[PDB]
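Structure first, then comments.
We use all heavy atoms of the structure for the numbers below, so side chains are in, but hydrogens, waters and symmetry mates are not. The sequence lines fix the lettering, A, B, ..., with proteins before strands; numbering per chain opens at 1.
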Amino acid sequence: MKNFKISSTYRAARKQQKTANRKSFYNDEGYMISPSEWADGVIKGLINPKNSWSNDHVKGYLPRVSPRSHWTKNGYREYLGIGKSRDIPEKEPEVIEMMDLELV
RNA sequence: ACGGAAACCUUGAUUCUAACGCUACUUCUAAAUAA
């Protein structure tokens, strides 16, 4: 993810709701396991330590993500997800079908 | 110059009539956490 970053409000919410202090651990099949067997499996190589845990849940429907910015050639700030992009949209696909009995 | 000679245990008769390999059932559910 380069077009976006973690929002500061979500980071603060995760910080002092203390969700990182209540991690859950999973094995290679994604089944919940205690930290002791997670450590055992990671040491023996039967678990990938990277993608095998979760940071509980942040309460409150907060947006996880904000747009990330960059510098233009003018030295101005600009969102990374906006720009020249491309140009191919056509108009639509008008499929006629002026006979369907539309229910009220 | 045999208690001997001549005599088919033979004739016809469907192991046949009726009966659903049948009943319910979406090749389908879950996307966390991190960035």
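For the pair A/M1 and A/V65, the minimum side-chain heavy-atom distance is below 4.5 Å.
Applying the salt bridge (charged side-chain N to carboxylate O under 4.0 Å, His left out) test to A/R68 and every residue at least two apart in sequence or in another chain returns nothing.
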### Query
Does the pair A/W71 and A/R77 meet the rule for a side-chain contact (heavy atoms from CB on, under 4.5 Å), with working shown?
CA-CA 5 Å; A/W71 301 94; A/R77 298 294 296 163; 2.9 Å; yes
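Of the P atoms belonging to B/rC2 and B/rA6, the separation is 14 Å, rounded to the nearest Å. Annotation: B/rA5 and B/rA1 have their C1' atoms spaced 13 Å apart (nearest Å). To the nearest whole angstrom, the two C1' atoms, one in B/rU15 and one in B/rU11, are 22 Å apart. Of the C1' atoms belonging to B/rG21 and B/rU17, the separation is 22 Å, rounded to the nearest Å.
Judged by the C1'-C2'-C3'-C4' torsion, the sugar of B/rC22 sits on the north side, since the angle is positive. Going by the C1'-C2'-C3'-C4' torsion, the sugar of B/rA24 sits on the north side, since that angle is positive. The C1'-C2'-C3'-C4' torsion of B/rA13 is negative. Its sugar is therefore classed as south. For B/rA30, the sugar pucker falls north, since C1'-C2'-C3'-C4' comes out positive.
Bases B/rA18 and B/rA19 qualify as stacked neighbours, criterion being ring centres under 5.5 Å and ring planes under 30°.
Screening A/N27, A/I43, A/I47 for a side-chain contact (heavy atoms from CB on, under 4.5 Å) with A/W38, the sole residue that qualifies is A/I47.
Counted by atom type alone, A/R14 and A/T19 present zero donor-acceptor pairs between their side chains at under 3.5 Å.
In this structure B/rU14 sits in the anti conformation; its chi angle is more than 90° from 0.
With hydrogens and angles ignored, the 3.5 Å screen pairs no side-chain donor or acceptor of A/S66 with any backbone N or O of A/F4.
One distance of note links CD1 of A/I82 with CG of A/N3; it measures 11.5 Å at 0.5 Å rounding. Distance check, rounded to the nearest 0.5 Å: CG of A/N55 to NZ of A/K23 gives 5.0 Å.
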### Task
Summarise how protein sits on nucleotides 30-35 of chain B as a single string, 5' to 3': B when a protein heavy atom is under 4.0 Å from the base, S for sugar-phosphate-only contact, - for no contact.
--BSSB
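Between A/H70 and A/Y79 the shortest heavy-atom distance is NE2-O, 3.4 Å.
Helical stems of RNA chain B (runs of at least 3 Watson-Crick or G-U pairs, donor-acceptor distances under 3.5 Å) are absent.
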